[PDB]
Structures are given as C-alpha cells and as structure tokens.
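Trainee: Just dropping this structure here.
All Cβ positions, even for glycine, are placed from backbone atoms using ideal geometry, and neighbour counts span all protein chains on display. The numbers here are math on the coordinates, done by the rules we state, and not lab data.
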Ligand SMILES: CC(C)CCC[C@@H](C)[C@H]1CC[C@H]2[C@@H]3CC=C4C[C@@H](O)CC[C@]4(C)[C@H]3CC[C@]12C
Ligand SMILES: CC(C)CCC[C@@H](C)[C@H]1CC[C@H]2[C@@H]3CC=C4C[C@@H](O)CC[C@]4(C)[C@H]3CC[C@]12C
Ligand SMILES: CC(C)CCC[C@@H](C)[C@H]1CC[C@H]2[C@@H]3CC=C4C[C@@H](O)CC[C@]4(C)[C@H]3CC[C@]12C
Ligand SMILES: CC(C)CCC[C@@H](C)[C@H]1CC[C@H]2[C@@H]3CC=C4C[C@@H](O)CC[C@]4(C)[C@H]3CC[C@]12C
Ligand SMILES: CC(C)CCC[C@@H](C)[C@H]1CC[C@H]2[C@@H]3CC=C4C[C@@H](O)CC[C@]4(C)[C@H]3CC[C@]12C
Ligand SMILES: CC(C)CCC[C@@H](C)[C@H]1CC[C@H]2[C@@H]3CC=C4C[C@@H](O)CC[C@]4(C)[C@H]3CC[C@]12C
Ligand SMILES: CC(C)CCC[C@@H](C)[C@H]1CC[C@H]2[C@@H]3CC=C4C[C@@H](O)CC[C@]4(C)[C@H]3CC[C@]12C
Ligand SMILES: CC(C)CCC[C@@H](C)[C@H]1CC[C@H]2[C@@H]3CC=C4C[C@@H](O)CC[C@]4(C)[C@H]3CC[C@]12C
Ligand SMILES: CC(C)CCC[C@@H](C)[C@H]1CC[C@H]2[C@@H]3CC=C4C[C@@H](O)CC[C@]4(C)[C@H]3CC[C@]12C
Ligand SMILES: CC(C)CCC[C@@H](C)[C@H]1CC[C@H]2[C@@H]3CC=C4C[C@@H](O)CC[C@]4(C)[C@H]3CC[C@]12C
Ligand SMILES: CC(C)CCC[C@@H](C)[C@H]1CC[C@H]2[C@@H]3CC=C4C[C@@H](O)CC[C@]4(C)[C@H]3CC[C@]12C
Ligand SMILES: CC(C)CCC[C@@H](C)[C@H]1CC[C@H]2[C@@H]3CC=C4C[C@@H](O)CC[C@]4(C)[C@H]3CC[C@]12C
Ligand SMILES: [Ca+2]
Ligand SMILES: [Ca+2]
Ligand SMILES: [Ca+2]
Ligand SMILES: [Ca+2]
C-alpha cells in the first residue's frame, strides 16, 4: 500500500465527491445533447467550443480516475472491478480523443464508432444514484429469465421467416400484381360490358414500395429481410396495409393462405408470446423488488 | 422384446445422445434459414448444396429414428406416443424428400406445402430442452381457458362484421365519395361565391384503395373481408385513416353512425375483450408456474 | 296456474331442450354469417333462400318462445325477466320480419336498423352456455368500477379537444402550409444562392388529407372531430405522421407547442389513464372470479 | 373571527351546496364543449351567447368563492390551501375575463393562453366527487415512484437521439437516396441487359417527407427532432415504414446498422422500459388502493 | 396487460402471505 493512499481512497468515496462527479457526468451529457441540438452540422459553426469542452471534460474524468485508481492502488482488480474497467475504457477513449484533438490522425477513419462512445459516459451516473442503480440491477437480474421465452419467440419468428421467404419472396416481381373485382355481381357493371371490353373484373396494381423495391423483394426477398418484416409485424406497424393486404388480395381465391399466415403470426407471436415475455420480465423485476 | 433392445433404448435416452440430436436439429434449422438467406431464388445458385445437405440431415434423422424405435420394440404406441408420431411424420416426409431427390416426380405439384414442413423439425428441440418444454406445456394447458373469452370475442367480431357488410359494403362504389365543407362559416369563402360557382361546399374524394378496390368492396365487401378488417381494427392497424375516417366523413350529418360503430368496437373488443383474453391466458400460465 | 303448465315448464328447462335451442341459435347465426359471405349484394342471387330460412328460424323461435311462456303462465314478470324480455323483443322483431315477408311494406324505410337486429339473437347463447354467461356477468359487474376512471379519461380528452379546436382548427386552411429548412447550415446550399433565388429555406406543403379536407378542418374543425381525433391518438394510430407532425413542423420555431400537446396527451391519457382503466376492469373481473 | 362567519362556513360545506357547485362546474364545462362544437369559428355566429354565458358563470363562481372565503375569514391559508388557491386563480382569470368583456383590451394579445384556462375549471369537480378525488390522489402519490424508471427511459432515449443525429441527420439530403436490387439473381433480368443499359440494379428513391423535408432533416435533423422521433417510435407509430425502413434500405450492405439501432431501441425502451414504468405506476396505485 | 396482470398478481400473493 502506498503511503497516503487510505485518505485519497475514502475521500474519493465521499458523498460530496461522488455528487460532484455526478454533476460532471450529467453536464457532459448535456454538453453532448446541446452539441447535437445547436451544432449537428458537418461544417460546425462553433467547433472549438465542442472540441475544448470535450478536452476539459476528458481532462477532469482522467484526473478523478487517477484519484479513483490511487484508492484501488491502480489495481482495480479487487475493488469494484466492473465499474472500474468501464471507467477505464471510457477515459481511455477520451484520452484517445485528446490525442486526436492535439496531434494528428492516429486513428483510422474506420473506427469513428469508437469516437461515438461519449454518449455512454452517462451510464456512470447509474452508479452514483442508488435509484437508477436499483432499477438497472433489477433489469439485469431479470433478463436471464426472459431468455427462454425470448428464444421461443425467435424460433417461431424464424419459422415464419422461412415460410415467408418461400411463399412471398416473388410476390409482385413484375412490379405489378392483379386483383379481382365483383363488379358484375355488385351491379357496378353488366356481364355484357365485361365481355365487350368496356369494363373488367381485374385491376393491375403496382407492387413497388416506397423504397423502390417491389413488394416481395422488399419484405420477403431474403431471410433477414423477412425476419425484419416479422419484427415489424410483431409490433403491429403497418402490418396490414403495406405487408399483409397485398399478399391477401394478390391471391384470387387462395386468400386464406396469407390471411392465416398473418393472423396466426399475430395471434401467436403478438397476442400470446410478447405478453408472456413481458410477464416473465416484470415478475422477475417485482421479486427483485 | 428383441435381444439387444434394452441397451439401445437407454442409450438413445442418454443426455449426450439427446444433446447431439438437439445439435443436429438446430443445425438443420440453421441450414434452412441459411438457404432462405443466401439462396431464396427460384434459379438457385448452389442447389446441390441444399439438396445434399437435406439428404444428409434426413439420413441422420432416419437413422436415429430407427435407433429410437429399436428401443421401444418398434411399437411407439406405449412410450411417448405424441412425440414419436411427430418424429415419424417428419422423417416420413423427409424420406419422401430423399425419394424426390433420387428417383422422380412421384409427388404431384399440388402437395408442395408438405415439402415446406422441414421448418417444423425445430419443434423437436422443445422436447430436448426442458425450459422450452416447460413453456410450451404451460401454453398448451392455458389455451383451453382462453377458449371461452375467445369465442365471445369471435361472436362480437362476427356481429360487427355482419353489420359492417350491411352498412359499408357499398361505400364509395362509384370509386369516389363526397365530403362536405364549412368553407363559408370558416371565412374561407363567402356565400356569394358559393352561389356563383367559384367555390363549393363539397369535395369529390376518390374511394379506391391501394389494392385497386373501392373502400366498401375492399373492407366490407363480404363477411370474411369484414371479419379480416375487424381483426385489423382489433390490432389498431390504420383503423382510422384507411377504414374509419372515410366512412365517418362520407356521412354528411350522420357521422355518429360510423363513429359509434368503430368507437364501440375498439372499446369493447380491443380494450376490454383483448385484455380479458390475455389476462386469462397469463393467469392459467402463472398457475401452471 | 294453467292445467298442464308445470310439465311444459320443466320440459322447457330441460338440458336437452336448451342445447337444441342453442344449436338453433348458433345455426341461425351461421345462416346470417353465410348470407353475408355468399350473398352480400343488393341484387341477391339466392333471395328466397335467406328469406325462407329467416321465416323458418323465426317460426321456431316463436314456437319455443310460446313454449317458454306457457311454463310461466305467460307472465314472464316473475321468472327470469331480463332474458325473457330480450327474447320477446327479438321474436317480436322476427314476427315483424315474417309480416314483411308475407304481406307488404308495413314497416317504413326509416326503421331498417331494427331489421338488422337478427345478428344479436346469438346473445341468447350466452344464457345457454354457463361459461359465456360467467364471463359476460363478470364484465357487467366490472363496468361500474371502470366508470370513474373512464369519466376522468373523457374529461381530459374533452379538455384536449377544446384546446385542439382552439389551436389547430385552422392549420393549413389555405390547403397548403410552409415548413422551414436549414439548407445553408447543412451545406446543401450557400447563402448566396438563397439570396439569389436559386434555392430557398422554406417549402410549401399541401395540407389536404385523404378525405378531401385540410388538416385543421379534418382533425380539429369542430369539437367532436377533435374528440374523434384524440380517440385515434389514444389508440396510437397514425398519430404522428397524419396528425402531430404537420402541426409540429408548421410551427417555425414554436414547435414545442404541438409537440408538448401531443406528448403530454399520449403520456397522460394513453399510458397512464388507459392502463389504470384496464387495471380497474381486470381487478373487478378477477375478484368476480 | 367575523360575526356571522361560522354559519356561512358550514353552509358552504353543505352537501347540497357542493352538489349545486358541481352542477355549475359541469354545466360550465358543457357550455365550453358546446361552444367548440357549435361555434368554433373565428367569426362566431353567436358571440353574445358565449360571452354572456361566460359572464354569468364567472359571476356565480366569484359569488360562491366569496361565500367560500367568508367562512375561513378570507385567509384561505389555514383551511384547504391548495384547492382554495386553485379556485382563486381560476376566478381571478374569470374576473379578468369579465373585465375584457366590459371595458377594453387591458390584456395584451400575447397572453391568450391564459384566456384558454376556462377548460380547467372542471378540475374543481375532482374535489366535489370523492371517487375522482380518490383516483387523482392515487395518481399523484404514484408519480414520484414512476420518476426513476422515467428518467432512465429519458436517458436512454437521449443517448439514442444523440446517435440518431450523428448517423441519420443527413440521410437523403439530396432529396433522393439509392436502393439496390437483386434483379439478376431473381431472374427478373440478365447480366447482359444490366451491362447494356436496359435495366439496372439500383433505384433512385425520393427522400422527401409529407411535411416537405428530406428524411434525415425531418427525423434526426436536430436533437429535439430526434427525441420526438424516438418518442414516436416508442409508441410504435409508423416507426418502420416512415422512419426505420428508409435508413435500413439506404444502407447497401450495412443494413445491420439501422436495423440494430431500431430493433434494440424498440426492444429495450418500448417493451422493457415502458412495461417497467407502467408496472411501477400501477403497483403504487394498487397499494394506494 | 402483462404490466397489469403482474400488478394484480402482486396483490394476490400479498393477500396470500397475509393469510399465511
Ligand atoms: C451546463 C453546461 C455544462 C451544459 C451546456 C450549457 C452551455 C455550456 C452550452 C449549452 C448551450 C450552448 C449554447 C447554445 C448555442 C449558442 C448560441 C450561439 O449563438 C453561440 C453559442 C451558444 C451560446 C452555446 C454556448 C455553449 C452553451 C451555452
Ligand atoms: C422476440 C424479440 C426478442 C424479437 C427478436 C427479433 C430479432 C432477434 C431479429 C428481428 C430482426 C432481425 C435482424 C434482421 C436483419 C439483420 C441484418 C442482417 O445482416 C444481420 C442480422 C439482422 C440484424 C437480424 C438479427 C436478428 C433480428 C434482430
Ligand atoms: C381456427 C380458425 C382460424 C379456423 C380457420 C382456419 C381453417 C380451419 C379454415 C379457414 C379457411 C378454410 C379454408 C378455406 C379455403 C379452402 C380451400 C378449399 O379448396 C378447401 C377448403 C379450404 C382449404 C379451407 C380449409 C379450412 C380453412 C383453412
Ligand atoms: C453449422 C451449419 C450446419 C449451418 C450452416 C453453415 C454452413 C454449412 C453454411 C451456412 C452458410 C453457407 C454459405 C453461405 C454462402 C456461401 C457463399 C458462397 O460464395 C458459396 C457457398 C457458401 C460458402 C455457403 C456454404 C454453406 C454455408 C457455409
Ligand atoms: C382473437 C381474434 C383475432 C379471433 C378472430 C380472428 C379469426 C377468428 C378470424 C379473423 C379473420 C378471419 C379470416 C378472414 C378470411 C378468411 C378467408 C376465408 O376464405 C376463410 C376464412 C378466413 C381464413 C377467416 C377465418 C377466421 C378469421 C381468421
Ligand atoms: C360513447 C357514447 C356514450 C357516445 C354517445 C352515443 C349516443 C348517446 C349519442 C352520440 C351521438 C348522438 C346522436 C347524434 C345524432 C342524432 C341524429 C338526430 O336526428 C337525433 C339524435 C341522434 C340520434 C343522437 C342520438 C344520441 C347519440 C347517438
Ligand atoms: C343451418 C346452417 C347449417 C346454415 C349453413 C349451411 C347452409 C344452410 C347454407 C350455408 C351456405 C349456403 C350455401 C352457400 C352458397 C351456395 C352456393 C350457391 O351456388 C347456391 C346456394 C348455396 C349452396 C348455399 C345454400 C345454403 C347454404 C348451404
Ligand atoms: C376509453 C374512453 C375514455 C374513450 C371515450 C371516447 C368517447 C367518449 C368519445 C370519443 C369520440 C366521441 C364521438 C366523436 C363524434 C361523435 C359524433 C357526434 O355527432 C355525436 C357524438 C360522437 C359520437 C362522439 C361521442 C363521444 C365519443 C365517442
Ligand atoms: C415529459 C414531457 C411531457 C415534459 C417535457 C418538459 C419540457 C420539454 C418543457 C417544459 C417547459 C418547456 C419550455 C417552456 C417554454 C419555452 C420557451 C420557448 O420560447 C422555447 C421553448 C421552451 C423553453 C419550452 C421547451 C419545452 C419545455 C422545456
Ligand atoms: C346545460 C347548459 C348550461 C349547457 C349548454 C346548453 C345550452 C345553453 C347551449 C348548448 C347548445 C347551444 C345551442 C347550440 C346551437 C344552437 C342552434 C343555433 O341555431 C342557435 C343557438 C343554439 C340554439 C345554441 C343555444 C345555446 C345552447 C342551447
Ligand atoms: C415516457 C417518457 C419516457 C417519454 C419522455 C419523452 C419526452 C421527455 C421528450 C420526447 C420528445 C421531447 C420534446 C421534443 C421537442 C421539443 C421541442 C423543443 O423546442 C423543446 C423540448 C421538446 C418539447 C422536447 C422535450 C422532451 C420531450 C417531450
Ligand atoms: C443479439 C443478436 C441476436 C442480435 C443480432 C446481432 C448480430 C446479428 C449483428 C451484431 C454484429 C453484426 C455483424 C458485425 C460485423 C459485420 C460487418 C460486416 O462484416 C458484415 C455484417 C456483420 C457480419 C454484422 C452482421 C450482423 C451482426 C452479427
Ligand atoms: Ca425492384
Ligand atoms: Ca373496385
Ligand atoms: Ca377543405
Ligand atoms: Ca428539405
């Protein structure tokens, strides 16, 4: 043990020091939010502001990490390992940021997603405040219970994605599909004008989506496309008007096929499995309570 | 009992053998998912790959089904009947698949939906893993409790579908419908320019849907169309912008009719009845717990 | 008491007779569903089929209503009043239907919504089957508990509808509205080309809805329009893309107004209040259990 | 204490007087709802009706506020402070309204949102009726428990908004973006016609939204835009067709980026965090029960 | 409803523990 280590240690564990560090964490988070609010452009207007505020915050985080690490004897293996390596990683990337700010492009342009890690320093606040800590610990001790029902959900979604690629991956591939009227039986026309060529019992509808694809390719073109589509349907997002109904009405008389596909999925994956998953989640949380 | 049957039996019931069979099940499922991901086309690029991997997996499933049956004297009536006939059906269709791969189109082109049953071999994993087994058994012993509230839900949806076909099956049949302004009272025009012919208090709106139909034919044209539409409304999908609002504003002054139709249905079915159905489901599961 | 009334009474209360009446109820319901499925047209193809099946079902319902009443001395005040007057009303409208089928237009064309009451005969099945009876009785004894939270919900929705008519009833009344770019600061243009007249920092967007209106007239034009719109938002339907976002981005810099309107409404009403209403509903049901 | 104050006090606390005040509150609320229903225009057809009904209601509220205060010696500090200052504020704005109705534009046109406070007089009914009082008190004593999970939710949404502004604030800035086909491998074309210039493996899709912006600018142009967008996604509103899918398919091969962005956000925030927030809310309410 | 179902269940075991 270093000579003057004990007092630096229990001083870093002071309520006032931890509250000041929380103030610094929150103000850094707000500085980043404010950078995105008032200078999200590529040609920033106040670039030095964000650059040097970043420098100052990273400096203070480095300094009080060293004050932290003095207390654990730079070991940080024995005391509070997980949070300490999280702090070490975030301040290592912050010192990398100071190096980028000072002395050249030592980081390649392929690793900017590590420069985006500043937003996650706010997770250190969940260590300072005992309420957020109690909630995230409950979440973490509940996730393993979710695991089983989640994997059942994923297996069923994967079955449906396989079937969806098999059935619908070529729906509307021409860019158009045909739908069928009952114009005669609905009085909107006579059989004579249908046989004459004045009206028709079918309509050619375009299959192109808003993203430039035809309906089958965009939703069920591949397995991961179909899996994404089934996640969207699981939520209930535009599952009928954009996904289900084109397939349902593309089938002249076999409409029970797509109808039963989507209805069974919704009934199984969305009315039953989501509610079981969330029920297990909340049960494990409330006996974490 | 056959001579060397006891040891084959308790060997097939080995934890290691069942885990190896689970590995085979999962890897076959992943092989099918990967086929749909990397070769969903009709003109497949690697057709022999999928064909012969299918052959190999079906061979191993046949072999260890025979190892399964040798331990129960090939009877499979007495021990574990349900799973055994599920395995028998899936490997029978797999041997049918081997026959299609080897020696001709002995299956007619009408029965390809039996060739799609490979995706459901993954359900055998729910027998190997006790957690998924514990969840699907709870689901199955809860469904009969859902039954009553489900049939009440279906009866109410069927009443609403009858009424919807009666009321709305001809809405917008001309392809267009008329809506009504308050342009004069809203200051956007004077009564003089309305009487003159410069502006108007009604607008002709097209009733055609994205599938080529008109509103009524497409949402309430028949009873099963209306039932599908009410399932979609029961899930909340575009129930106002595509379904409810055209009927609501097609009524000049009788707007309370469609408004009350949809509001009463949403309230009763969607809020009350869906939440009672899911509550019964989860109650039976948690006392399955 | 009539002479042979006791035995007719306990014979109508026979399990077999009530099951046969339930079969008749269900088959009449299915006959109506099938009429809407296979002959929803105005010019029906098999009109005599539905007409005479209606006649036959109404006849049998009349007959076994008379058998019902002979056992209670035709009083139906003392024994099982509510169900008996429901049966009396439905068979009175059915005899009215027989009269329409036989001898003229004694009903005016204003009262066809009473001719639509046939769909509701299936509610008599909820008397025959004890499970559906147990569920609907629980629903009915739970609704009065919902009452309070429901009226709070309605008051808050009405406040929001008043405010919505005040704020947004004239949004986009010109048929178009203006939105504002950051094209210069986003590098998409220079200040020089903005001042020159080559590009612009504002765009004119059309405000017309799919129903021919403009945004404000159609969503908040009157109080009941705004109340309907807020019921749609409560469900969560297209509340941003069709409703919230036009108002949010029509405000050049005052976007917090509409944003806070919709965010506060969604939070309070949807999340908090809907979940409290459904929680009270299900609590009263489960202690009805 | 004033001489005849005791009897005025316990007379204002009479059940009949409080029920008459509740009748007045409800009828004023209905008068405002009816004003918005039958005269929402700027040029009101019946302005004197609303003006003088407002005058009369404000007069009666002033009068029985004075009757309220005479019983507490005009102090209203000691007895029932919160409700009394709410009444004082609402009747102060009502007397301000009487002054606007009588004698000139003493209020500047910047403070009309205080003239809109009449809708909130109905909250005084929650004091008269013990059931609504019991529900709003439960809500209020439950909100502080929601606080923690709510701030965790907000922190995570803010992280996602920062990342969304970083990634997607410039998506489709040209007004268009490019998507990519598999037309050759899907048999819809040959490689020869792709190399010839007859068909193509990419499509240029317009990026402009209904509100006139391009996709990146509207949804993630700034931090508060991105935060609003993530609230909309948190509710499930059009999160795929308008938000997620353009970003997902704008990425040629990096589609896992946006897919994982939206899928992780939906899972974490929507499912887990919304259900934990509502679970805490309802738990605190039911032990408020 | 899963949030609702657990809130109800929460009271059910609380009443069960009160009697037990
Ligand atoms: C509490 C702190 C740490 C968090 C952020 C607060 C301060 C430092 C940030 C937040 C908002 C920022 C301002 C937002 C935009 C403007 C207006 C512009 O014309 C000049 C820069 C200026 C004035 C910024 C200065 C720095 C700023 C004031
Ligand atoms: C029940 C809950 C957990 C829903 C689970 C759905 C998850 C597992 C599914 C839904 C959509 C899927 C994604 C769809 C698309 C892609 C892009 C692909 O290049 C890699 C995989 C990836 C990223 C998938 C991973 C798995 C995925 C995220
Ligand atoms: C439990 C509920 C969902 C039952 C509805 C699904 C099943 C049972 C119903 C719904 C629609 C029905 C199908 C309608 C159309 C056809 C095609 C026809 O050539 C033979 C009958 C057949 C194949 C029916 C089989 C049974 C069917 C598929
Ligand atoms: C674990 C196993 C059983 C499941 C699937 C893994 C293997 C066998 C599958 C999954 C992905 C498949 C690959 C996916 C696509 C390619 C790239 C292509 O240029 C040649 C074929 C090849 C290389 C496939 C070979 C077989 C493959 C590697
Ligand atoms: C819990 C709720 C959703 C149950 C009600 C949904 C079920 C029962 C309804 C909703 C939509 C309905 C389907 C609508 C369309 C068709 C096509 C028709 O040719 C056969 C029946 C079939 C397949 C219907 C069967 C019953 C059906 C699936
Ligand atoms: C959810 C419920 C409580 C909303 C209100 C439903 C009922 C009570 C209200 C809503 C709108 C009202 C209708 C509005 C329009 C008409 C047509 C008019 O010629 C007679 C009154 C009549 C027929 C009203 C009857 C009562 C009514 C139908
Ligand atoms: C009492 C219950 C079973 C009624 C439902 C079954 C019977 C009575 C109903 C339901 C379906 C109906 C059929 C549906 C449509 C057709 C096909 C048409 O070309 C002639 C009439 C015919 C054949 C109908 C006859 C009556 C019918 C068979
Ligand atoms: C779950 C609860 C809180 C939702 C309550 C919403 C109800 C009370 C609201 C939402 C929409 C409203 C309707 C909107 C439009 C009309 C048409 C009008 O001519 C008569 C009233 C009527 C029919 C309203 C009655 C009340 C109404 C049905
Ligand atoms: C949880 C949600 C509903 C509550 C959000 C509260 C926030 C967003 C509200 C509360 C008070 C509001 C502020 C009060 C009014 C102004 C002044 C105005 O000139 C600019 C916006 C600004 C500064 C508002 C921004 C949004 C705001 C800060
Ligand atoms: C119970 C009271 C206090 C609440 C509102 C009821 C009365 C006072 C309100 C509600 C509806 C209002 C009416 C609605 C619209 C009309 C029709 C118009 O041609 C003349 C004014 C008149 C007739 C209004 C008179 C005042 C009115 C009758
Ligand atoms: C259920 C909880 C977690 C949802 C919280 C979402 C809240 C906090 C977010 C979502 C959208 C956000 C708003 C988006 C836009 C604006 C306009 C801006 O000029 C002031 C802030 C304001 C008004 C934001 C305040 C905070 C806000 C309301
Ligand atoms: C929790 C799980 C199930 C969600 C899905 C996570 C997986 C699918 C995600 C996370 C990281 C992603 C991989 C990371 C590396 C790359 C980049 C590039 O070389 C091709 C895509 C690929 C290979 C990604 C595919 C999808 C991926 C593997
Ligand atoms: Ca295409
Ligand atoms: Ca048509
Ligand atoms: Ca208009
Ligand atoms: Ca733009």
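Trainee: Which of C:253, B:177 comes first, and how do the rest follow, when ranked by fewest Cβ neighbours within 10 Å?
Mentor: With the sparsest Cβ surroundings first, the list reads C:253, B:177.
Trainee: Now for a separate question. How much of the calculated P(r) for the stretch A:102-170 lies past 19 Å, in percent of all Cα pairs?
Mentor: Value for the stretch A:102-170: 68 percent of Cα pairs lie more than 19 Å apart.
Trainee: Residue by residue through C:214-227, how many Cβ atoms from other chains fall within 10 Å of the Cβ on average?
Mentor: Partner-chain Cβ atoms within 10 Å, mean over residues of C:214-227: 4.
Trainee: By how many degrees, 0 to 90 and rounded to 10, does the Cα axis of helix A:81-103 deviate from the longest principal axis of chain A?
Mentor: 90
Trainee: Oh, and also: In terms of the Cα gyration tensor, with a ≥ b ≥ c the square roots of its eigenvalues, is the stretch D:249-289 rounded because a/c is under 1.5, prolate because a/b exceeds b/c, or oblate?
Mentor: Because a/c hits 1.5 or more and a/b exceeds b/c, the stretch D:249-289 counts as prolate.
Trainee: Using a 10 angstrom cutoff on alpha carbons, build the Gaussian network for chain C and name the most mobile of C:265, C:150, C:11.
Mentor: C:11
Trainee: Using a simple spin-label model with points 7 Å from Cα along the Cα→Cβ vector, what separation in nm is obtained for residue D:254 and residue B:195?
Mentor: Those two pseudo-labels are separated by 6.6 nm.
Trainee: Expected output is a single nm value to one decimal: the length gained when fully extending between residue D:11 and residue D:45, i.e. 0.36 nm times separation in residues minus the C-alpha distance. What is it? Write out the running numbers ahead of the final one.
Mentor: Values: separation 34, 0.36 × 34 = 12.24 nm, distance 4.09 nm.
Result: 8.2 nm gained on full extension.
Trainee: Further question: Do the sum for the protein assembly as shown: with -39,500 (n - 2.57) for every DSSP H run of n ≥ 4, divided by all residues, what is the mean residue ellipticity at 222 nm, to the nearest 500 deg cm²/dmol?
Mentor: -20000 deg cm²/dmol
Trainee: Additional query: Could you line up C:141, A:127 from fewest to most neighbouring Cβ atoms inside 10 Å?
Mentor: Details: C:141 13, A:127 19.
Placing the least packed residue first, the sequence is C:141, A:127.
Trainee: Same structure, new question: Mind listing the Cα extents of the stretch D:5-128 along all three principal axes, in Å, largest one first?
Mentor: Principal extents (largest minus smallest coordinate, Cα): 48, 28, 21 Å.
Trainee: Report the Cα centroid-to-centroid distance between the stretch D:128-190 and the stretch C:1-70 in angstrom, as an integer.
Mentor: 53
Trainee: Of all alpha-carbon pairs in the stretch B:68-223, indicate the percentage at a distance above 27 angstrom.
Mentor: Details: 7892 of 12090 pairs.
It works out to 65 percent of all Cα pairs.
Trainee: Working out 0.36 nm times the residue gap between residue A:81 and residue A:176, then minus their Cα-Cα distance, what length gain in nm do you get to one decimal?
Mentor: Values: separation 95, 0.36 × 95 = 34.20 nm, distance 5.99 nm.
Answer, rounded to one decimal: 28.2 nm.
Trainee: Something else about it: Defining the label point at 7 Å along Cα→Cβ, can you sort the distances from residue B:15 to the same site in each other copy, shortest first, in nm?
Mentor: The projected label point of residue B:15 is separated from its counterparts by 5.0, 5.1, 7.1 nm.
Trainee: Can you bin the stretch B:73-131 into rounded, prolate or oblate? Criterion: square roots of the alpha carbon gyration tensor eigenvalues sorted a ≥ b ≥ c, rounded for a/c under 1.5, prolate for a/b above b/c, oblate for the rest.
Mentor: prolate
Trainee: Give the nm distances, rounded to one decimal, from residue A:101 to the matching residue in every other copy, measuring between label points 7 Å along Cα toward the beta carbon; shortest first.
Mentor: Once sorted, the set of distances for residue A:101 reads 6.2, 6.2, 8.8 nm.
Trainee: What distance in nm separates the two pseudo spin-label positions at residue B:101 and residue C:184, each 7 Å out from Cα along the beta-carbon direction?
Mentor: 6.9
Trainee: Compute the relative contact order of chain C as a whole-number percentage, counting only Cα pairs closer than 8 Å that sit 6 or more residues apart in sequence.
Mentor: 18
Trainee: Using a/c under 1.5 as the rounded threshold, could you call the protein assembly as shown rounded, prolate or oblate? The axes a ≥ b ≥ c are square roots of the C-alpha gyration tensor eigenvalues, and prolate needs a/b larger than b/c, oblate otherwise.
Mentor: rounded
Trainee: State, to one decimal in nm and shortest first, how far the label point of residue D:255 sits from each corresponding label point in the other identical copies (label point: 7 angstrom along Cα-to-Cβ).
Mentor: In nanometres, ordered from closest: 3.0, 3.0, 4.2.
Trainee: In whole percent, what relative contact order does the stretch B:75-224 give with Cα contacts below 8 Å and a gap of six or more residues?
Mentor: Relative contact order of the stretch B:75-224: 20 percent.
Trainee: Per Stokes-Einstein, at 25 °C and 0.890 mPa s, what whole-number D in µm² s⁻¹ belongs to the stretch C:222-273, with the Kirkwood radius over Cα pairs as the hydrodynamic radius?
Mentor: 218
Trainee: For Cα pairs less than 8 Å apart in space and 6+ apart in sequence, what is the mean separation divided by the residue count of the stretch B:5-128, i.e. the relative contact order in percent?
Mentor: Computed value for the stretch B:5-128: 39 percent relative contact order.
Trainee: Looking at the stretch A:180-289 from every direction and averaging, what is the projected area of its Cα convex hull in nm²? Display every interim value, and only then the final one.
Mentor: Values: hull surface 40.6 nm².
Quarter of the Cα hull surface area: 10.1 nm².
Trainee: Given the convex hull of the Cα atoms of chain C, what is a quarter of its surface area in nm²?
Mentor: Across all orientations, chain C yields a mean hull projection of 24.3 nm².
Trainee: Could you line up D:217, B:100 from fewest to most neighbouring Cβ atoms inside 10 Å? Walk me through the intermediate numbers first.
Mentor: On the way: D:217 28, B:100 15.
If I rank by nearby Cβ atoms, fewest first, I get B:100, D:217.
Trainee: Just the projected area, averaged over all directions, of the convex hull on the alpha carbon atoms of the stretch A:136-234: how many nm²? It would help to have the intermediate numbers written out before the result.
Mentor: Working: hull surface 41.6 nm².
Taking a quarter of the hull surface, the average projection is 10.4 nm².
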